[PDB]
Every structure is written in C-alpha cells, then in structure tokens.
Amino acid sequence: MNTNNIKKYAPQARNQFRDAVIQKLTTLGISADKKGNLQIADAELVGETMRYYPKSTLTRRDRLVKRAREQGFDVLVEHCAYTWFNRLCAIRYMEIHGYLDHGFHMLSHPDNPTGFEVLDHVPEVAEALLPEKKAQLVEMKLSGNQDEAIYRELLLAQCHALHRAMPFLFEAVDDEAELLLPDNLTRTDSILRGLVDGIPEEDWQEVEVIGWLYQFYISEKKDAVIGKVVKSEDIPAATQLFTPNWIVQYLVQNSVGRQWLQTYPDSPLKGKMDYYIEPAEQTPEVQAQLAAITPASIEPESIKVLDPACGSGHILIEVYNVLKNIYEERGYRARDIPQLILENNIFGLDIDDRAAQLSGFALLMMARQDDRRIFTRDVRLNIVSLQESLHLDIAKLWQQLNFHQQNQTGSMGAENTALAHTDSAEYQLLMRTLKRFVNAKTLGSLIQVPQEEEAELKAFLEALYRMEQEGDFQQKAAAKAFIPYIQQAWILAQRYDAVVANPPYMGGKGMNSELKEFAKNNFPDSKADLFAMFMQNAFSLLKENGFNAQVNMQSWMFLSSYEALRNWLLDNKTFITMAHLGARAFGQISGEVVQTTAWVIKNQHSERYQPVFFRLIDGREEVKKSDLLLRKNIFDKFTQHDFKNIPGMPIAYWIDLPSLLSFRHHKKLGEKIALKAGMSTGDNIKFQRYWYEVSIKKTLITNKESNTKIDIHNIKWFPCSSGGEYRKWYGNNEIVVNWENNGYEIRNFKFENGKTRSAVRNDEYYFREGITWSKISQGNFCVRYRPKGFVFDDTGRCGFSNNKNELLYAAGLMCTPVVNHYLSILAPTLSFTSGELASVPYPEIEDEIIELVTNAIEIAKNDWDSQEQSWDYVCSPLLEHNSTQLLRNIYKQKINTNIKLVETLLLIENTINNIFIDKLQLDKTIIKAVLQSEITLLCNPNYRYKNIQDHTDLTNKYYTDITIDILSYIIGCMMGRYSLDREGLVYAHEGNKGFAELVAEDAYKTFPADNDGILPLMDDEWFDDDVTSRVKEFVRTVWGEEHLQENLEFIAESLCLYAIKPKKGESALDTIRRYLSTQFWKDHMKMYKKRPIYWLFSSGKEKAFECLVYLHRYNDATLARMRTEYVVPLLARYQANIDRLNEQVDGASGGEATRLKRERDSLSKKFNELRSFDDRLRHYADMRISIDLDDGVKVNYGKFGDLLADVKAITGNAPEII
Ligand SMILES: C[S@@+](CC[C@H](N)C(=O)[O-])C[C@H]1O[C@@H](n2cnc3c(N)ncnc32)[C@H](O)[C@@H]1O
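In structure tokens form, the structure reads like this:
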C-alpha cells in the first residue's frame, strides 16, 4: 500500500470536513465568535418553520445548541466532521469489498469515474433501503434534475441502514448530524471526490488503511500542539501514532500466544508466529516454578486480552488473528469464531470517541472478512470510548430507570420527590461509578476500578442491556445513557491474561494541570511520563500469571528519575522478552526524537528466570524487523536479579558479565573523590574572560618576571576552569573569572525584584589543587589536572581529594577508555555530571600508574604551555636549539621530537588502560587500546587535524601552523609582548604604562620593540618599522646573515604549503609580505577565538592602510600618533608618485603606458580611500579614546566604529558609522 497518497489527503480532509460543518452550523445558528464565546440568537418561527428548516427539525436542532454548550464549538466541529469522515471512510472501504446488501456502489460508480451507482438503480437501491419512498425516488429520478435531492436521501438511508451492526460509528438518533451533511455531494467539487480520488483502490484492500486514515487526519493539529502544554481536548491529536505491524505481532504473539503455547507446547501456532521468541534455558528451580502456575488446560474462550490504548485497533486486529488460530486448533467451527472472539476475548478502550469509531470498525471489517452473517447477529462490541460524567441528569435517569420497579407503571407522576432506593446496591454502585469518571476525557484508562465491583457491574450491565430491550420509553432512554459508563467501568474492573498496547507518549512538560497531581499522588515511582504510568498501571490489570506487553520509549531503562520504578519492577514482576528498538523504528516519523523498546513482563516475580533480549538499535524500520526475524543480536545470560547491581538499577542487558561483577567487588569513584559542581555566575559574559584580554598585573597568575608580592587587594581576575574541549591531561587554562573582594559582584548579583541570580557553590574547594572535566562533552570522557589558584563554575566541574596520589590515580582512571565504558552504562547521554560519574567503580591503588600519570600530565602540560594562548608561555620552541643551524633542518629536528612523545604518551595511556583492564578483570576486546589519533596532544598531527587523513598533506599542514606561530611570536616581540632577552611574558597591562622603564632596563636590547606600538601590515615596503621588514631583521639577528636567504626561501616554501597560494618568481621576501597583509589577520582571529590582542586598523576594501596595534600598549595619544606618523606621511608619498607616474604615462607608450596607468589607477584608489579613512581617523583621534582592559575585547572594538576590520564579526553589531 502507498501511504504517500493518504498522508497528503487526510490532513487536507480534516479541515475540509470542518468548514462544511461550520457553514452548516452557521445556518443551524449554533456559532461562536473569535474568542470562543457561543452565540444562539434563538431561532425564527415563521409559522411551522425555523428560518435562519422544518420545526420537527427544531427539537433536534435545539439539541446541538445543547451539546455545544456542553463541550466546545471548536470541539463540536472537530468531532462531528470526524464522525462523518469516519462514516464515509467506513462506506468507501465497505463499498469496495461489496459488503453492501444491495450490492451496488454507494460513493462511486464502477463503469463511470465521475458518477454514483445508486443513481441509475434508483428502483433496486430504494427497494432495499427505502421501500416506502421508492415511488417518490423513482419519480424524482424520472424528473432527472433532483439527483442531489435524491442522493441526499439514499446516502442518509445507507448510514441509517448501518446503525444496526455498527452503532458506535453510524448513530441513528443523530438528528442534528443530518442537518450538518453537506450539499452538492453530486458535484465535481463535493468533499467526497478527494476521499475517493486521493486514495487508489489498492490502498483500500487490507484494513491498516483505517489506521493510516487515523494517523494522517490529525497529523496537522499535532504539529500545532507539540512542545506546549496540551489541552484535555487536544490530547488525541498530540499522542496519536501507528505501530508497525511487525512490532504488534511481536507484542501480541509473545503474550497471548505465549500463554497458549505454555500449556500446549506442541501447538502448530508456533510456526504461525514468526515473531514468537522461544523461551531460554531456565534453571531447574524456575523450571519447577513455571510448571506450577501454567494451567493443565486453557479454554480459548476463557482468554481475555486488553489494549487500553487501541487507537486504530491495529493491535486488536492482530490479537484477533492470534486468537483466530487458537480457536481453529481447538476444533471450533469456522463461522462461530468471530462472534466468540469479539464477545468473549477482545476488549478495548480509548478517549477519542472517533478513534474507537475506527477501531471497532476495523475489528468488524476483519470479522466481516470471515463471517458474512456477523452483520445479522446482535454482536456486542467491547470497544468503547471513555465518557465524562459532568453532563448527566443523574436524578432524572434513576427514576426513569425504575430498576426495582418502584413506579408501578401507569401512575402518572413534583420537584421534591425523594429518590427512592438511593440505598439500593444499584444506586450506590451507580453513584460510585459516576464519581470515578468525572474527567474521563482527561484520565482515560488510568482510572482504576476495584475487581470486587466486577460482578455487580456486569450483572448491572446485562440488566441494562435487558431493560434497554424490554423496557418502555423512559427506561430505554435512561438505560441507554447509563450503559457507556457501567460498561467502561466493567472493562476496568476486569483482569486479563495479557495487556498489549502501544501507549501514548507525553513527558511532564505537556501534561496539563489536572493530569499532573493525579501522577504525584498515585504513581510516584513513574510520575515522569505517561508511557510509564501505563506500564505500572497495566500490572494492576492482570491475573497473577498474566503478561504485560507494550512498546515504550527507552528512557525508563536508564534515567535516574525512574530508579524508584526500575527498583519496583525487578522485585515484583518477571521480564520475559524485550526487543530494544532505539531510533527509527517507525518508518514515518522524522528526527531522532523517538527511541523505543517493546517488551513482555509477566505479572509474577521469578528470581532465577532467564529473559531474552534483542538489541535492534541499528538500521531503518526494515532492518530491525529483518534482524528480529533472523534472531540476530540475542542476549540471554543475565537474569532480572543481576540488573540490581547498578546504581539506579538500569535495565542494562547490553552489559557483559565481568563488568557486572565489578560494581559489587569494588568501591565507587565519586564516593572517594569529592565530585563538586562549581558556581553558576548567572552571566558568563559579564564575569568570565580569556586571560590575555586583561592586564597580567590584575590576575592571580604568578609570572616568571614579577617577584613583587602579589598584592591580593589589587587582584580582580582569577583563573577559572570553565569546561572546554576534550583533553586528556592538562589544557583549557584559558578562562579567568572576576573574584574580587571574595566575589562581591557574583554574590550580590541579583535580578530586578531582589532574588539572587548567581549560585556560588562549593566555594570552600576554590584555589585547591584538583582535577576538572568538561561537564558537557560530545565525544568521550576526559579529565585534566588543575593546580592551585583556580576557581570553577558549573560548566567546569571539579573533583578534589586530599591525597595527591588518589587525585592522580583518579585523573589516570577518568581518562581511560575504561571510564568511558562505564559512563555508557549509567547514563547514555552527553552529560557528565557529578551523579552518574559518582557511581563509577574504583579499585585498590597501584604505585606504577601514578608515575605513568605524572609523566603523562607533564607531557600534556609541556604540550599546552607551548602556545602563546597560555599564560605559562616562555618562548618559541624553535629557540631551544643552536642558533647556527639551518631553519629547514631545525624544523626536522622538532618534528621527530614531537612523534616520540606521541608514542610515549600513547604507550603510557595504553599502559594505563591495559593495567586497569587487568585489575577489574575486564575484556581487552571490548576496551580498545588508545590510538595515535586520540592522543590529545596538539603536536600530534593526527589529533590536531582530525579531518585530514593523509600523511603528506597532514605533515604539510603541520609545517604551516608552525610557520604562522613563529610569525605571531615575532609580531609579538615587535609589539613588546615577548622578548628574546627575558623568559616568558614581558608586557601586558594598561595604558602603555611602564613600557618605557623596560626599555631603559634593556628588556629588548637584542631585538628592539616598536616605539609607538603601531605596526604597518602592508603589501609593499614603505616604512622601515614594517612587519615584513623587521621579520628579516629577526631571522638575521637569530640564525645569521649567513643563512638569511635559505631560511627565508624555506619560509616562503612553507607558507605556500597550506597557508597561501604561491607565485612563480616570487622572492622569499615578497612571498612573506603577501601573507601578512592578507591572511595573518584571519589566522590571528582564529588563533585568539575572535578576541584579537593585535587590532587591524583598516582604511577599507582597497587595503590602502592597515596597521596592527597591540591592545595593552594603547593610550589616548595613539590615534593622534597613528595619524601623525603614518596616515599623514603616507598620503604625501602617494601623491609624489601619482605625479611621477603621470610624468611617465605621458612619456611612455604602448604596452608600458597601459602598465603605468593601471599602476596610476590602482594608486589613486588607495588615495581616495585613505583620504576618507583620514577624514574618519581624525574624527576618532580627537576623541582621545582611552580604553579599560577589564572591559573585554568585544566591547572596545565597537568603540572605533569602522576604523577597524571585521567589526561586525567581532562585536556582532555592524560598525556604528559615526
Ligand atoms: C495507542 S497509540 C496509536 C495506536 C496504533 N494502532 C498503534 O499501532 O499503536 C496512540 C493513541 O492512543 C490513544 N489513547 C488511548 N487511550 C488513551 C488514554 N487513556 N490517554 C491518552 N491517549 C489514549 C490516543 O488517543 C492516541 O490516538
């Protein structure tokens, strides 16, 4: 069958049917305004008509006004449009299979694509349906022009004809419902055509279509009610799916068919059950147990099955099929089985009056596929939809009932007449029943009813059937009103051999006010979501040896918020079989939003029982099915007693055995170590910084050059562990938080009313030595060491211990694939909090691992401290070897050192993993050894460039970041941030203050530092303090005028590698200059994560003047000096050559004069752009803008409007063009 047709039609069909009811209700007068307030205006009385229509069609009219005032105008239309659609859908299905007694098609015409067969056989069709109006209808057909009048009469006559067998869908007292039937049913634009035209006939063969009609009708109102709280009337929309047939079979066959096969093991139904999971080999003790409960025989018509949420009845249809083959096998006549199944075996509930309308239809269409006279028998269907009790005239009906026959009939009977036999066990049983179904359109089948009231209700019910059949008008009007409630109560008091359902799914963030309190007070173990309450309630609906079988979300197997429930299941019930599906089990939902599992749980507790699991998480819907059938991916080694060894007690069949026997033999991790969540500052943008953004004087960072005692009164910034990226031993020392005055600002940080926004937690553990981890990590789990002088927030959780060895032995553990083996178990998410991480095992201490971890952390710390983004940065790693050697040879010397360390840490990490795996007695096959690509070091090209698979292009890209990093360090020495003479960071505080002292102290005597802190970054050599100029002065001052040219050609060779595009004949010197003016800005953006310490003042898009400015060295007089000594003298040289280039264009010709014009044209564009960058720099230079370094980089960079480059990529806001 092709759903793609129904999926497109049914949503459109819903709304279609709805406007046709509004348009007919507007005539009917029942109407609401835009605000949902109802309007009557009563009804005109033009003699014997009600103009807006007959006046016998008034009373009936005045019962819509009644019901609409009882529910909701929106509701009315949403229901009645559905009922008719369900009716017409029921007719369409039934006319294709020729189920009609008159044997003519009703909605279509076989030999005419546009017509209606009931129109040409008016005499025959009328003879069957309306024998009295035959002379009239044969007269209107002979008028040939009243077909819409005629067809409106036969079609209404057909639905009436179907009320005898299907009273739940085709009601007969629907009087008002006839006034809402649309006209023009006989036109090419009737609503009817889409129902026929949108669905080919082959889609109608099988019955599942009923469920796809079901699922796509309401699909649209679903997309409007998701994410929000769901109204009591929107529930059927928001929770309505459709189970694949292969899951239902697995559910029905492993519950119903299980019990039958449990008594008659050599039943040929086992071959007829493809999804029947055979029982695993039990211990002799359980083997004695199960035989003691299985009855020696089961009679077929003693089995009773319940779907509490049938929906389309898709599950009942399969129960019907499983029961069908049980009756055949027992020796029962063919025709007699449907009645016995639908009356003695199949019972179903739901809240959507219109979902039952389809479900019962579906069972009757399966029954009509087997017995032609099931439509002649009084077949009571136990498929009912739940009804509220806020609209009953209870005192009016119990006196209309005359159950004990109190009114001797005939005594014409007063507004104070004491309700007689209010003490009768039919009244007290009736009132207790009407009190249980108050908000039935909200609770559904979760309402329990005591089994003790079973007998009294059925005897009351059958009597309510009798008196519906033998009684007078009041007793038949009355006893017809009470049956829906006495029946639905009778279904709830009854217990069943198997409950099969695909329950509804709704987390505790769409439940409405009414529903929530019902969960806290009645289902505390499973108050989180609906599907769980159905799981725990369904057990209250089974016999002792009964089977609960559902297909549920998987979260009840893991989330600690179900621990009380998971604890409850293991103690009282017996898991039988479970097929864990995971995602994409339903081939018609989109997104990884739905993860499921189907299971069967006996209502008896057996300890030593051996259940069978199927891990079918992979593939589309088709695959799990194929692997389920082929019995791929089977687990049958763990009893339900074994799953109690895991903190929280997760259903965790995927576990093996030595990992289960290690939770019991060893001690918990977060027990030993104080897993503490950090503060929550409330605002990470106000309080947290990158350490390079602020003055090093104003940080708790102990510099290698400030022996002056850190005055803890001037200290504003303290290094803060704030989450970050994966890392296995030490990095991420990048965030500093504002902790001045012991956090006076974070502590008093309040909202508007007075409540406190931040959440300073565990501030006793601050500045301690400990570890840390990304609380949130996409990949594996990893921890890093954390020295003293740090704080930490909630994004960077930290464990602490008093023993440094345990602090390392833990840090060595929490980084293995072994830990990521457990964290899969306790909580398969990306959240690595302090609660599941605390339940991790943790064995005795070995002294070997503590050295391997000390070596590993210093390998990792040496790795981290090597970049200029770290505070502990000393100098560029090239400057560790002799300064006579050739530069290309020093590159080679450094790479070989960087591969040995990867192997060492890899051999260390794998030695650590292999030691833990030996102690916990684990399986090295499950825990793979660490690979070189996972060694979390920045010198490992495999890890830094995960995306590049090559070796050459991997090696080249490595040489390339190596050549850029040495350029940003030289640009660093130009500004004054580092120095050859002095180890470590040199100058980094506000206002260019104290820089000059350093110069007088020969802080930069080897390589001089730029005077003003303005470096022109240009593509041709104008100034002498140009960047590309001083770089050569650097290489010359370091490696030798001897080597200058090959070291420079090798730099040219290496920039060209990945950084920029080479050019033939381009000197080493030109090659370098090109990079700096164009690409360096971007790499420095990336290098500092869009937080530049060197600011590129840019004239504009012609790159007429670009200069770098070091952030710390900035003062008021800079933009005045920037204009005095750079922007002013440069606009003078541009002119003395536009004039010299015009002395040559007139003195040249041919190919050279066209070359001097493009050199004069290009030079004049850079003269107008730097003329308006001067008109705009003079603007910002007068302002004497003086910065504050504590403010941040995203703020100051907007203070200059568009003078700087990438103002909208750094600040976010487009540059404010002053
Ligand atoms: C049961 S599943 C759909 C049934 C479908 N035949 C299948 O294969 O699963 C979702 C349906 O459950 C229905 N349902 C039944 N009983 C319910 C209850 N007590 N509360 C809410 N929804 C309920 C909802 O109306 C919704 O349409």
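Per the deposited numbering: the sequence shown = residues 1 to 52, 57 to 417, 421 to 1225. Note that the Cβ used here is the ideal one computed from N, Cα and C, for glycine as well.
Report task. With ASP960 as the anchor, note down where its alpha helix (DSSP H) starts and where it stops. Result -> 959-982
Query raised in the report: How would you label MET564, buried or exposed, when you count the other beta carbons within 10 angstroms and need 16 or more for buried?
Result: buried
Query - Near ligand 1: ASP354 beta-carbon under 7 angstroms from a heavy atom - result: In this structure, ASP354 has its CB closer than 7 angstroms to one or more heavy atoms of ligand 1.
Query raised in the report: If you pair each beta-carbon of the region 1107-1120 with each one of the region 1016-1024, do three or more pairs fall below 8 angstroms?
Result: yes
Report task. Mind the definition here: the region 650-669 touches the region 924-931 only if three or more C-beta pairs lie below 8 angstroms; say whether that holds. Result -> The region 650-669 makes contact with the region 924-931, as at least three CB pairs between them are under 8 angstroms.
**Report entry** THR449 to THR27 span [Cα, whole Å]
**Finding:** 32 angstroms
Query raised in the report: At which residue ranges does the region 1052-1097 contain complete alpha helix (DSSP H) runs of 4 or more residues, listed in the order of the chain?
Result: 1075-1082 and 1088-1094
Query raised in the report: Less than 7 angstroms between the CB of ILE350 and some heavy atom of ligand 1, yes or no?
Result: no
Query raised in the report: Between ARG443 and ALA496, is the Cβ-Cβ spacing less than 8 angstroms?
Result: Yes, Cβ-Cβ distance for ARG443 and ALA496 is below 8 angstroms.
Query raised in the report: Exposed or buried, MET416, counting other C-beta atoms within 10 Å across all chains shown (16 or more means buried)?
Result: exposed
Query - Any alpha helix (DSSP H) of 4 or more consecutive residues that is wholly inside the region 1134-1170 - result: 1135-1152
Query raised in the report: Looking at the structure shown, is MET542 part of a helix, part of a strand, or coil, going by DSSP?
Result: helix
Requested in this report: Whole angstroms is fine: what's the gap from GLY47's alpha carbon to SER60's?
Outcome: 12 angstroms
Query raised in the report: For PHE351, does the three-state DSSP call read helix, strand or coil?
Result: strand
**Report entry** Bounding residues of the alpha helix (DSSP H) (the contiguous stretch that carries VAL607)
**Finding:** Run containing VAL607: none in the alpha helix (DSSP H); it sits in the beta strand (DSSP E), 602-609.
Query raised in the report: DSSP on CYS727, reduced to helix/strand/coil?
Result: strand
Query raised in the report: Using 8 angstroms as the Cβ pair cut-off and three pairs as the minimum, do the region 187-201 and the region 143-150 touch?
Result: no
Query raised in the report: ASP382 by DSSP, collapsed to three states: which one?
Result: coil
Requested in this report: Under 7 angstroms Cβ to Cβ from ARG1037, same chain only, skipping five residues before and after it: list those, please.
Outcome: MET981
Query - Strand pairing of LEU1211, partner residues [DSSP] - result: DSSP, once it has assigned bridges, lists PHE1104 as partnering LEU1211.
Query raised in the report: Does the beta carbon of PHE525 fall short of 7 angstroms from some heavy atom of ligand 1?
Result: no
Query raised in the report: Exposed or buried, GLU732, counting other C-beta atoms within 10 Å across all chains shown (16 or more means buried)?
Result: exposed
Query raised in the report: Closest to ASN386 by CA distance: which of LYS705, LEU320 and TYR1204 is it?
Result: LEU320
Query raised in the report: Is the beta carbon of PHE593 within less than 7 angstroms of some heavy atom of ligand 1?
Result: No, ligand 1 has no heavy atom inside 7 angstroms of this Cβ.
Report task. From the DSSP output, in three-state form, read off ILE319 for me. Result -> Helix.
Report task. Run the proximity test for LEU405: is its beta-carbon closer than 7 angstroms to any non-hydrogen atom belonging to ligand 1? Result -> no
Query - Stretch-stretch touch, CB-based, cutoff 8 angstroms, three pairs: the region 816-833 with the region 752-768 - result: By the Cβ criterion, the region 816-833 is not in contact with the region 752-768, since fewer than three pairs of Cβ atoms, one from each stretch, lie closer than 8 angstroms.
Query raised in the report: Do you know how far the Cα of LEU1062 is from the Cα of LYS1068?
Result: 8 angstroms
Query raised in the report: Based on the DSSP output, what are the partners of residue 1227 in its beta bridges?
Result: Look at the range of the chain in this structure, 1 to 1225, and you will see that residue 1227 is not part of it.
Query raised in the report: Could you give the distance in angstroms between the alpha-carbon of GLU875 and the alpha-carbon of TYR976?
Result: Straight-line Cα distance between these residues: approximately 8 angstroms.
Query raised in the report: Going by alpha carbons, who is nearest to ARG1098 out of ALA1216, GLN403 and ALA360?
Result: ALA1216
Report task. Go to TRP780, then tell me how far its alpha helix (DSSP H) extends in each direction, as first and last residue. Result -> Taken as a continuous stretch (DSSP letters only), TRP780 belongs to no alpha helix (DSSP H), being part of the beta strand (DSSP E) at 777-780.
Requested in this report: Output yes or no for whether 8 angstroms exceeds the beta carbon distance between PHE172 and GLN409.
Outcome: By the CB criterion at 8 angstroms, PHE172 and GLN409 fall outside the cutoff.
Report task. Taking only heavy atoms of ligand 1 into account, decide whether any of them is closer than 7 angstroms to the Cβ of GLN482. Result -> no
Requested in this report: Tell me whether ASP1009 is buried or exposed, calling it buried when 16 or more other Cβ atoms sit within 10 Å of its Cβ.
Outcome: Exposed, by the Cβ-count rule.
**Report entry** Cβ-based burial, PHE17 [other Cβ within 10 Å; buried from 16]
**Finding:** buried
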